[PDB]
>>> print(open('run.cif').read())   # mmCIF, C-alpha atoms (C1' of nucleotides)
data_entry
loop_
_atom_site.label_atom_id
_atom_site.label_comp_id
_atom_site.auth_asym_id
_atom_site.auth_seq_id
_atom_site.Cartn_x
_atom_site.Cartn_y
_atom_site.Cartn_z
CA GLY A 156 0.00 0.00 0.00
CA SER A 157 1.64 3.17 1.34
CA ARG A 158 -0.61 5.66 -0.44
CA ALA A 159 0.39 8.71 1.62
CA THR A 160 0.75 8.57 5.39
CA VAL A 161 1.35 11.04 8.20
CA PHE A 162 5.03 10.08 8.59
CA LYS A 163 6.11 10.92 5.04
CA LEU A 164 3.95 14.04 5.22
CA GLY A 165 5.67 15.17 8.42
CA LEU A 166 9.17 15.06 6.99
CA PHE A 167 7.82 16.47 3.70
CA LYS A 168 6.60 19.46 5.68
CA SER A 169 9.84 19.65 7.66
CA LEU A 170 11.73 20.00 4.36
CA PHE A 171 9.57 21.94 1.86
CA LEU A 172 7.16 23.56 4.37
CA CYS A 173 4.05 22.68 2.34
CA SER A 174 1.73 19.71 2.68
CA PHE A 175 0.90 16.87 0.31
CA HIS A 176 -2.84 17.27 0.95
CA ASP A 177 -2.51 20.87 -0.30
CA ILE A 178 -0.76 19.96 -3.56
CA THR A 179 -2.89 16.84 -4.26
CA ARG A 180 -6.11 15.42 -2.91
CA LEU A 181 -7.55 12.19 -1.78
CA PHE A 182 -7.93 8.63 -3.11
CA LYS A 183 -7.54 5.57 -0.89
CA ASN A 184 -9.10 3.57 -3.75
CA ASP A 185 -6.05 1.92 -5.31
CA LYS A 186 -8.11 1.17 -8.43
CA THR A 187 -8.92 4.73 -9.57
CA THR A 188 -6.35 5.93 -12.10
CA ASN A 189 -4.97 9.18 -13.52
CA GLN A 190 -2.22 10.19 -15.93
CA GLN A 191 -0.79 12.95 -13.72
CA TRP A 192 0.71 12.11 -10.33
CA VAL A 193 2.86 13.57 -7.56
CA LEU A 194 5.62 11.78 -5.67
CA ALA A 195 8.10 12.21 -2.84
CA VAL A 196 10.61 9.42 -2.18
CA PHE A 197 12.85 8.85 0.82
CA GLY A 198 16.33 7.37 1.22
CA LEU A 199 17.64 8.11 -2.28
CA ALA A 200 21.17 8.72 -3.55
CA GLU A 201 21.67 11.87 -5.61
CA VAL A 202 23.28 10.02 -8.54
CA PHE A 203 20.21 7.87 -9.14
CA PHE A 204 17.98 10.92 -8.59
CA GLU A 205 19.71 12.76 -11.43
CA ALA A 206 19.42 9.49 -13.35
CA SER A 207 15.74 9.50 -12.35
CA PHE A 208 15.09 12.57 -14.48
CA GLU A 209 17.17 10.69 -17.07
CA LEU A 210 15.04 7.53 -16.97
CA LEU A 211 11.56 9.00 -16.54
CA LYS A 212 11.88 11.77 -19.14
CA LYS A 213 10.98 9.24 -21.85
CA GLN A 214 7.34 8.75 -21.41
CA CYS A 215 5.70 11.67 -19.59
CA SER A 216 4.38 14.98 -20.88
CA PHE A 217 6.24 16.69 -18.02
CA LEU A 218 8.53 15.78 -15.11
CA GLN A 219 9.75 17.90 -12.19
CA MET A 220 11.95 16.76 -9.32
CA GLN A 221 13.66 18.52 -6.43
CA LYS A 222 15.82 17.27 -3.59
CA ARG A 223 16.92 17.90 0.01
CA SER A 224 17.99 17.57 2.95
CA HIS A 225 19.57 18.55 6.29
CA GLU A 226 21.11 15.63 8.16
CA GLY A 227 17.74 14.09 9.07
CA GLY A 228 16.21 12.28 6.12
CA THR A 229 15.98 12.86 2.38
CA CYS A 230 12.65 13.61 0.68
CA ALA A 231 13.18 13.59 -3.09
CA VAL A 232 9.95 15.20 -4.30
CA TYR A 233 8.84 14.41 -7.85
CA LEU A 234 6.13 15.73 -10.13
CA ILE A 235 5.09 13.04 -12.60
CA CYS A 236 2.59 13.41 -15.44
CA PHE A 237 2.69 10.34 -17.67
CA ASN A 238 1.53 10.00 -21.27
CA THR A 239 -1.06 7.25 -20.67
CA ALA A 240 -2.84 6.92 -17.33
CA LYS A 241 -1.53 4.25 -14.96
CA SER A 242 -3.00 3.22 -11.61
CA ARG A 243 -1.43 3.65 -8.17
CA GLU A 244 -0.32 0.01 -8.24
CA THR A 245 1.18 0.29 -11.73
CA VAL A 246 2.97 3.59 -11.11
CA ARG A 247 3.85 2.24 -7.66
CA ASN A 248 5.55 -0.75 -9.29
CA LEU A 249 7.27 1.58 -11.76
CA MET A 250 8.70 3.86 -9.08
CA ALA A 251 9.54 0.98 -6.74
CA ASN A 252 11.44 -0.52 -9.62
CA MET A 253 12.98 2.94 -10.07
CA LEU A 254 14.41 4.05 -6.75
CA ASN A 255 15.89 0.97 -4.93
CA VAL A 256 13.89 1.51 -1.73
CA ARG A 257 10.83 -0.07 -0.14
CA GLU A 258 7.26 0.40 -1.31
CA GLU A 259 7.01 2.50 1.90
CA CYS A 260 8.23 5.90 0.75
CA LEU A 261 5.93 6.45 -2.25
CA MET A 262 3.40 9.31 -2.30
CA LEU A 263 0.83 8.58 -5.00
CA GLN A 264 -2.21 10.86 -5.45
CA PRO A 265 -3.62 12.76 -8.43
CA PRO A 266 -2.76 16.48 -8.49
CA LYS A 267 -5.45 19.05 -7.78
CA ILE A 268 -6.41 21.35 -10.67
CA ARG A 269 -8.14 24.04 -8.54
CA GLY A 270 -5.77 25.15 -5.77
CA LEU A 271 -3.33 28.00 -5.18
CA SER A 272 -0.52 26.37 -3.20
CA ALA A 273 -0.94 23.26 -5.37
CA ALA A 274 0.91 25.15 -8.10
CA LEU A 275 2.76 27.74 -6.01
CA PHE A 276 4.78 24.86 -4.54
CA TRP A 277 6.00 23.64 -7.92
CA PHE A 278 6.29 27.20 -9.28
CA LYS A 279 8.79 27.89 -6.50
CA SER A 280 10.46 24.51 -7.10
CA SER A 281 10.91 25.32 -10.81
CA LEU A 282 13.47 27.99 -9.89
CA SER A 283 15.52 25.67 -7.67
CA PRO A 284 19.01 24.74 -8.98
CA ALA A 285 18.49 20.95 -8.80
CA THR A 286 15.02 21.12 -10.39
CA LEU A 287 14.85 19.26 -13.71
CA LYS A 288 11.97 20.20 -16.02
CA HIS A 289 11.01 18.72 -19.39
CA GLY A 290 8.72 20.43 -21.87
CA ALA A 291 5.43 22.07 -21.04
CA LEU A 292 4.28 22.06 -17.44
CA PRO A 293 0.93 20.26 -17.04
CA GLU A 294 -2.19 22.37 -17.60
CA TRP A 295 -2.92 22.39 -13.84
CA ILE A 296 0.13 24.37 -12.64
CA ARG A 297 0.62 25.74 -16.16
CA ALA A 298 -2.99 26.91 -15.57
CA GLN A 299 -3.08 28.02 -11.93
CA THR A 300 0.05 30.22 -11.82
CA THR A 301 0.77 30.63 -15.54
CA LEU A 302 -1.14 30.99 -18.77
CA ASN A 303 -0.66 34.59 -18.41
CA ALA A 304 0.06 36.99 -21.30
CA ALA A 305 3.72 36.33 -22.10
CA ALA A 306 4.26 39.91 -23.29
CA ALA A 307 0.91 41.48 -22.37
CA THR B 308 -0.44 43.28 -26.36
CA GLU B 309 -2.25 44.52 -23.25
CA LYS B 310 -5.27 46.77 -23.73
CA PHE B 311 -4.31 49.98 -25.51
CA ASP B 312 -4.10 52.93 -23.11
CA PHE B 313 -4.87 56.05 -25.13
CA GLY B 314 -3.83 58.12 -22.13
CA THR B 315 -0.34 56.65 -22.36
CA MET B 316 -0.09 57.43 -26.07
CA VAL B 317 -1.18 61.04 -25.55
CA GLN B 318 1.27 61.29 -22.66
CA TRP B 319 4.09 60.07 -24.90
CA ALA B 320 3.13 62.48 -27.68
CA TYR B 321 2.98 65.50 -25.39
CA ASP B 322 6.23 64.26 -23.84
CA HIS B 323 7.98 64.46 -27.21
CA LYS B 324 5.90 67.49 -28.34
CA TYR B 325 4.81 65.66 -31.50
CA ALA B 326 1.58 67.37 -32.56
CA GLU B 327 0.77 66.80 -36.24
CA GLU B 328 -1.00 63.56 -37.10
CA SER B 329 1.53 62.03 -39.49
CA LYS B 330 4.54 62.49 -37.22
CA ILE B 331 2.62 61.02 -34.28
CA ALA B 332 1.49 57.94 -36.18
CA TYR B 333 4.72 57.16 -38.02
CA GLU B 334 7.08 57.90 -35.14
CA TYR B 335 4.98 55.84 -32.72
CA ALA B 336 4.70 52.85 -35.05
CA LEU B 337 8.50 52.95 -35.39
CA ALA B 338 8.85 52.69 -31.59
CA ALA B 339 7.29 49.22 -31.34
CA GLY B 340 10.55 47.51 -30.41
CA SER B 341 10.32 48.61 -26.77
CA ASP B 342 6.82 50.00 -26.01
CA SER B 343 4.29 47.32 -25.15
CA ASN B 344 1.71 50.03 -25.76
CA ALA B 345 3.11 50.40 -29.29
CA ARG B 346 2.36 46.79 -30.19
CA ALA B 347 -0.97 47.27 -28.44
CA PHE B 348 -1.74 50.19 -30.76
CA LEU B 349 -0.58 48.30 -33.84
CA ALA B 350 -2.86 45.39 -32.90
CA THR B 351 -6.07 47.45 -32.93
CA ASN B 352 -8.18 47.94 -36.06
CA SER B 353 -9.00 51.64 -35.51
CA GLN B 354 -5.57 53.24 -35.77
CA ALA B 355 -6.74 56.28 -37.75
CA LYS B 356 -9.37 57.34 -35.21
CA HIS B 357 -6.92 56.96 -32.33
CA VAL B 358 -4.24 59.01 -34.05
CA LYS B 359 -6.83 61.66 -34.89
CA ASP B 360 -7.86 61.89 -31.22
CA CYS B 361 -4.25 61.89 -30.03
CA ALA B 362 -3.41 64.80 -32.33
CA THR B 363 -6.42 66.77 -31.10
CA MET B 364 -5.62 66.17 -27.43
CA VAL B 365 -1.98 67.15 -27.82
CA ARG B 366 -3.16 70.27 -29.64
CA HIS B 367 -5.45 71.20 -26.74
CA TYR B 368 -2.72 70.65 -24.17
CA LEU B 369 -0.08 72.70 -25.97
CA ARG B 370 -2.58 75.48 -26.72
CA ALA B 371 -3.59 75.95 -23.09
CA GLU B 372 -0.03 75.49 -21.80
CA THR B 373 1.14 78.34 -24.03
CA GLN B 374 -1.79 80.69 -23.38
CA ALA B 375 -1.39 80.33 -19.62
CA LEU B 376 1.86 82.31 -19.68
CA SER B 377 1.85 86.03 -18.89
CA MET B 378 3.65 88.26 -21.37
CA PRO B 379 6.53 89.05 -18.97
CA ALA B 380 7.01 85.34 -18.27
CA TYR B 381 6.52 84.70 -21.98
CA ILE B 382 9.40 87.03 -22.81
"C1'" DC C 1 -77.31 22.43 -46.77
"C1'" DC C 2 -72.09 22.57 -48.23
"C1'" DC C 3 -65.98 25.31 -50.84
"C1'" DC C 4 -65.34 29.88 -57.41
"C1'" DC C 5 -58.44 33.13 -52.78
"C1'" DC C 6 -56.97 35.29 -47.27
"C1'" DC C 7 -50.39 35.12 -48.14
"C1'" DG C 8 -44.28 40.00 -50.58
"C1'" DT C 9 -39.17 38.45 -45.98
"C1'" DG C 10 -36.36 39.36 -40.82
"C1'" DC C 11 -32.87 43.20 -37.42
"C1'" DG C 12 -26.11 47.73 -35.36
"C1'" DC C 13 -19.92 44.97 -36.51
"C1'" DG C 14 -18.63 43.17 -31.24
"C1'" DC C 15 -18.75 41.93 -26.45
"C1'" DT C 16 -19.98 39.38 -22.42
"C1'" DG C 17 -21.81 37.45 -17.66
"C1'" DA C 18 -24.80 35.35 -14.69
"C1'" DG C 19 -27.22 30.78 -15.38
"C1'" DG C 20 -27.52 25.76 -15.00
"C1'" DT C 21 -26.89 21.48 -17.17
"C1'" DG C 22 -24.27 17.37 -18.12
"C1'" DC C 23 -20.89 13.53 -18.82
"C1'" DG C 24 -16.19 13.42 -16.74
"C1'" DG C 25 -11.62 14.62 -14.36
"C1'" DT C 26 -11.73 12.98 -10.66
"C1'" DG C 27 -15.57 11.56 -5.54
"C1'" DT C 28 -13.81 6.88 -3.63
"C1'" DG C 29 -17.56 3.43 -0.99
"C1'" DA C 30 -20.82 -0.19 0.38
"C1'" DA C 31 -22.11 -4.04 -2.43
"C1'" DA C 32 -20.42 -7.61 -5.48
"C1'" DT C 33 -16.86 -11.75 -7.68
"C1'" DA C 34 -14.17 -14.81 -6.77
"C1'" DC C 35 -10.53 -16.76 -3.77
"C1'" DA C 36 -8.96 -20.26 -0.25
#
>>> encode(input="run.cif", output="structure tokens")
Amino acid sequence: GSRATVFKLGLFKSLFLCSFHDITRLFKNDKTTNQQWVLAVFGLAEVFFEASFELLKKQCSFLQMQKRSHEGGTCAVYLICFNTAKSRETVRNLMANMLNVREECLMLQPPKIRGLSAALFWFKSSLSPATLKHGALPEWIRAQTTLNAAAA
Amino acid sequence: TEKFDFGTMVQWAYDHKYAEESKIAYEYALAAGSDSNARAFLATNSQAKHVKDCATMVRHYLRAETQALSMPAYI
DNA sequence: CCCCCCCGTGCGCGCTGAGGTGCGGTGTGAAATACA
């Protein structure tokens, strides 16, 4: 299982100071699917994180990732928006064949299309040095904080 | 390409003292490389009416500005 | 107790906002299928 629990959320907050319930919202139904997803993964080495942008940036319309931390536990936060929708079990198997960790530290929920912080978080992350973007941002963030007149 | 602000165009014209219609229109349309308002003006489909109004407003402003002066101050 | 004529057509370019209606992105479970 390990949909999204209080423990991962606590260290997520301790690192990026914004919740996972405020960037996504709720499904405990591990059957309901979606193409877009969010993810934060724990206990990762930076080399395979940089290679994670490498590997994933085949098959998704966008991909954002950012990294921490301070001597207390690493929370590599992803933003994943695949090409064809895949369930929490399928994307769970993908990422837990990706990151050489347990099924524990996965954070799978669809992103929330109406919400301010839900795109402010990634809009701030987009300027971070270790952030790795590919192509157009998904229409949710790329709707909430952008889609504004490029040159009036 | 934000909404055209006729006030800004008249302000620019009176800033440069351009008064006659042709100089206003041509000189403005040549300043589209830096003025967002310039591309805004070029986008619209009523350029002639706007330049006509801009010329008239600049004429009013210069006319009153000159007539305000007293002949000692004018000399 | 039933037919021998009335009758010559459609609108300021352009907006644009409250209004509500629906099949779905996503709402996400008790029932429901089958397992062992």
>>> interface_residues(input="run.cif", of="chain A", to="chain B", cutoff="12 Å", atoms="all atoms listed in the file", output="tab-separated table (two decimals) with C-alpha atoms, in the coordinates of the input")
chain	number	residue	atom	x	y	z
A	303	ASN	CA	-0.66	34.59	-18.41
A	304	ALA	CA	0.06	36.99	-21.30
A	305	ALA	CA	3.72	36.33	-22.10
A	306	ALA	CA	4.26	39.91	-23.29
A	307	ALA	CA	0.91	41.48	-22.37
>>> interface_residues(input="run.cif", of="chain A", to="chain C", cutoff="12 Å", atoms="all atoms listed in the file", output="list in words")
residues 179, 180, 181, 182, 183, 184, 185, 186, 187, 188, 189, 190, 191, 264, 265, 266, 267, 268, 269 and 295 of chain A
>>> axis_aligned_box(input="run.cif", around="range 233-245 of chain A", padding_each_side="6 Å", output="JSON")
{"center_x": 2.9, "center_y": 7.9, "center_z": -14.6, "size_x": 23.8, "size_y": 27.7, "size_z": 25.4}
>>> resolve_selection(input="run.cif", expression="the PyMOL selection byres ((chain B and resi 350-354) around 12)", output="number ranges by chain")
A: 307; B: 308-313, 316, 328-329, 331-333, 335-336, 339, 343-349, 355-361
>>> resolve_selection(input="run.cif", expression="the PyMOL selection byres ((chain A and resi 250-258) around 10)", output="VMD selection string")
chain A and resid 156 to 158 194 196 to 200 203 to 204 206 to 207 210 to 211 244 to 249 259 to 262
>>> atom_distance(input="run.cif", atom1="CA of residue 230 in chain A", atom2="CA of residue 195 in chain A")
5.9 Å
>>> atom_distance(input="run.cif", atom1="CA of residue 272 in chain A", atom2="CA of residue 165 in chain A")
17.3 Å
>>> atom_distance(input="run.cif", atom1="CA of residue 279 in chain A", atom2="CA of residue 293 in chain A")
15.2 Å
>>> resolve_selection(input="run.cif", expression="the PyMOL selection byres ((chain B and resi 364) around 10)", output="PyMOL selection string")
chain B and resi 314+317-318+320-321+326+358-363+365-370
>>> write_last_selection(input="run.cif", atoms="C-alpha atoms", output="PDB file, keeping the file's coordinate frame")
ATOM      1  CA  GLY B 314      -3.830  58.120 -22.130  1.00  0.00           C
ATOM      2  CA  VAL B 317      -1.180  61.040 -25.550  1.00  0.00           C
ATOM      3  CA  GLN B 318       1.270  61.290 -22.660  1.00  0.00           C
ATOM      4  CA  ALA B 320       3.130  62.480 -27.680  1.00  0.00           C
ATOM      5  CA  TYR B 321       2.980  65.500 -25.390  1.00  0.00           C
ATOM      6  CA  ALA B 326       1.580  67.370 -32.560  1.00  0.00           C
ATOM      7  CA  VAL B 358      -4.240  59.010 -34.050  1.00  0.00           C
ATOM      8  CA  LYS B 359      -6.830  61.660 -34.890  1.00  0.00           C
ATOM      9  CA  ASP B 360      -7.860  61.890 -31.220  1.00  0.00           C
ATOM     10  CA  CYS B 361      -4.250  61.890 -30.030  1.00  0.00           C
ATOM     11  CA  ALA B 362      -3.410  64.800 -32.330  1.00  0.00           C
ATOM     12  CA  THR B 363      -6.420  66.770 -31.100  1.00  0.00           C
ATOM     13  CA  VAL B 365      -1.980  67.150 -27.820  1.00  0.00           C
ATOM     14  CA  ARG B 366      -3.160  70.270 -29.640  1.00  0.00           C
ATOM     15  CA  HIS B 367      -5.450  71.200 -26.740  1.00  0.00           C
ATOM     16  CA  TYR B 368      -2.720  70.650 -24.170  1.00  0.00           C
ATOM     17  CA  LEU B 369      -0.080  72.700 -25.970  1.00  0.00           C
ATOM     18  CA  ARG B 370      -2.580  75.480 -26.720  1.00  0.00           C
TER      19      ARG B 370
END
>>> residues_around(input="run.cif", residues="residue 235 in chain A", least_positions_apart="2", cutoff="9 Å", atoms="all atoms listed in the file", output="list in words")
residues 190, 191, 192, 193, 194, 211, 215, 216, 217, 218, 219, 220, 233 and 237 of chain A
>>> decode(input="run.cif", residues="range 215-240 of chain A", atoms="N, CA, C and O atoms", output="mmCIF file, in the first residue's frame")
data_model
loop_
_atom_site.group_PDB
_atom_site.id
_atom_site.type_symbol
_atom_site.label_atom_id
_atom_site.label_comp_id
_atom_site.auth_asym_id
_atom_site.auth_seq_id
_atom_site.Cartn_x
_atom_site.Cartn_y
_atom_site.Cartn_z
ATOM 1 N N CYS A 215 6.667 10.790 -20.236
ATOM 2 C CA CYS A 215 5.704 11.667 -19.591
ATOM 3 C C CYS A 215 5.692 13.008 -20.308
ATOM 4 O O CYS A 215 6.703 13.458 -20.851
ATOM 5 N N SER A 216 4.526 13.651 -20.289
ATOM 6 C CA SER A 216 4.382 14.977 -20.875
ATOM 7 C C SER A 216 5.124 16.053 -20.093
ATOM 8 O O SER A 216 5.445 17.106 -20.660
ATOM 9 N N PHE A 217 5.386 15.821 -18.806
ATOM 10 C CA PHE A 217 6.245 16.691 -18.016
ATOM 11 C C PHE A 217 6.801 15.906 -16.832
ATOM 12 O O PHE A 217 6.267 14.859 -16.453
ATOM 13 N N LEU A 218 7.882 16.423 -16.252
ATOM 14 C CA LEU A 218 8.527 15.784 -15.112
ATOM 15 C C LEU A 218 9.317 16.834 -14.346
ATOM 16 O O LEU A 218 10.187 17.493 -14.922
ATOM 17 N N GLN A 219 9.013 16.998 -13.061
ATOM 18 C CA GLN A 219 9.751 17.904 -12.189
ATOM 19 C C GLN A 219 10.205 17.133 -10.962
ATOM 20 O O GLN A 219 9.442 16.332 -10.410
ATOM 21 N N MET A 220 11.442 17.368 -10.540
ATOM 22 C CA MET A 220 11.947 16.762 -9.319
ATOM 23 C C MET A 220 12.841 17.754 -8.591
ATOM 24 O O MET A 220 13.551 18.556 -9.209
ATOM 25 N N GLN A 221 12.799 17.698 -7.263
ATOM 26 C CA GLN A 221 13.664 18.517 -6.427
ATOM 27 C C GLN A 221 14.047 17.715 -5.191
ATOM 28 O O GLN A 221 13.374 16.751 -4.821
ATOM 29 N N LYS A 222 15.134 18.132 -4.544
ATOM 30 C CA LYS A 222 15.825 17.272 -3.594
ATOM 31 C C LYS A 222 16.239 18.077 -2.366
ATOM 32 O O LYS A 222 16.335 19.306 -2.400
ATOM 33 N N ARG A 223 16.467 17.357 -1.271
ATOM 34 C CA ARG A 223 16.921 17.898 0.011
ATOM 35 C C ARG A 223 18.081 16.996 0.465
ATOM 36 O O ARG A 223 18.558 16.180 -0.329
ATOM 37 N N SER A 224 18.595 17.101 1.706
ATOM 38 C CA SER A 224 17.992 17.572 2.952
ATOM 39 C C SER A 224 19.042 18.022 3.961
ATOM 40 O O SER A 224 20.184 18.297 3.596
ATOM 41 N N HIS A 225 18.654 18.111 5.236
ATOM 42 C CA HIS A 225 19.569 18.554 6.291
ATOM 43 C C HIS A 225 19.689 17.456 7.349
ATOM 44 O O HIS A 225 18.952 17.445 8.339
ATOM 45 N N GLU A 226 20.621 16.530 7.126
ATOM 46 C CA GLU A 226 21.113 15.626 8.162
ATOM 47 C C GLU A 226 20.039 14.822 8.891
ATOM 48 O O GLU A 226 20.315 14.275 9.963
ATOM 49 N N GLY A 227 18.824 14.735 8.345
ATOM 50 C CA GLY A 227 17.741 14.092 9.073
ATOM 51 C C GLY A 227 16.827 13.176 8.284
ATOM 52 O O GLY A 227 15.950 12.516 8.855
ATOM 53 N N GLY A 228 17.020 13.124 6.972
ATOM 54 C CA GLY A 228 16.212 12.279 6.117
ATOM 55 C C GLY A 228 15.890 12.986 4.817
ATOM 56 O O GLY A 228 15.473 14.143 4.815
ATOM 57 N N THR A 229 16.093 12.280 3.706
ATOM 58 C CA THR A 229 15.978 12.865 2.379
ATOM 59 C C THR A 229 14.584 12.631 1.815
ATOM 60 O O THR A 229 14.074 11.510 1.840
ATOM 61 N N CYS A 230 13.982 13.694 1.279
ATOM 62 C CA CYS A 230 12.652 13.614 0.682
ATOM 63 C C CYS A 230 12.727 14.123 -0.752
ATOM 64 O O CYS A 230 12.467 15.301 -1.013
ATOM 65 N N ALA A 231 13.073 13.233 -1.679
ATOM 66 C CA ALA A 231 13.176 13.592 -3.089
ATOM 67 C C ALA A 231 11.772 13.700 -3.661
ATOM 68 O O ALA A 231 11.113 12.684 -3.900
ATOM 69 N N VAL A 232 11.311 14.929 -3.867
ATOM 70 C CA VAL A 232 9.945 15.199 -4.299
ATOM 71 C C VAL A 232 9.912 15.236 -5.817
ATOM 72 O O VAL A 232 10.694 15.960 -6.447
ATOM 73 N N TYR A 233 9.008 14.461 -6.402
ATOM 74 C CA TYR A 233 8.841 14.410 -7.845
ATOM 75 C C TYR A 233 7.548 15.116 -8.237
ATOM 76 O O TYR A 233 6.700 15.427 -7.397
ATOM 77 N N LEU A 234 7.409 15.367 -9.534
ATOM 78 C CA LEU A 234 6.128 15.727 -10.132
ATOM 79 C C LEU A 234 6.027 14.972 -11.449
ATOM 80 O O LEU A 234 6.774 15.257 -12.390
ATOM 81 N N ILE A 235 5.115 14.009 -11.512
ATOM 82 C CA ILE A 235 5.085 13.040 -12.596
ATOM 83 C C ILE A 235 3.752 13.149 -13.318
ATOM 84 O O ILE A 235 2.689 13.077 -12.694
ATOM 85 N N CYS A 236 3.805 13.306 -14.638
ATOM 86 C CA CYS A 236 2.589 13.414 -15.445
ATOM 87 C C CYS A 236 2.786 12.577 -16.706
ATOM 88 O O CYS A 236 3.248 13.076 -17.734
ATOM 89 N N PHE A 237 2.396 11.306 -16.622
ATOM 90 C CA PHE A 237 2.694 10.341 -17.669
ATOM 91 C C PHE A 237 1.942 10.664 -18.955
ATOM 92 O O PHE A 237 1.134 11.594 -19.019
ATOM 93 N N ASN A 238 2.224 9.873 -19.990
ATOM 94 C CA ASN A 238 1.533 9.996 -21.267
ATOM 95 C C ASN A 238 0.187 9.285 -21.245
ATOM 96 O O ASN A 238 -0.835 9.875 -21.611
ATOM 97 N N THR A 239 0.167 8.026 -20.816
ATOM 98 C CA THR A 239 -1.056 7.254 -20.668
ATOM 99 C C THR A 239 -1.268 6.937 -19.194
ATOM 100 O O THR A 239 -0.318 6.607 -18.478
ATOM 101 N N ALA A 240 -2.518 7.051 -18.747
ATOM 102 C CA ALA A 240 -2.842 6.921 -17.332
ATOM 103 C C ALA A 240 -2.461 5.538 -16.822
ATOM 104 O O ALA A 240 -2.642 4.533 -17.515
#
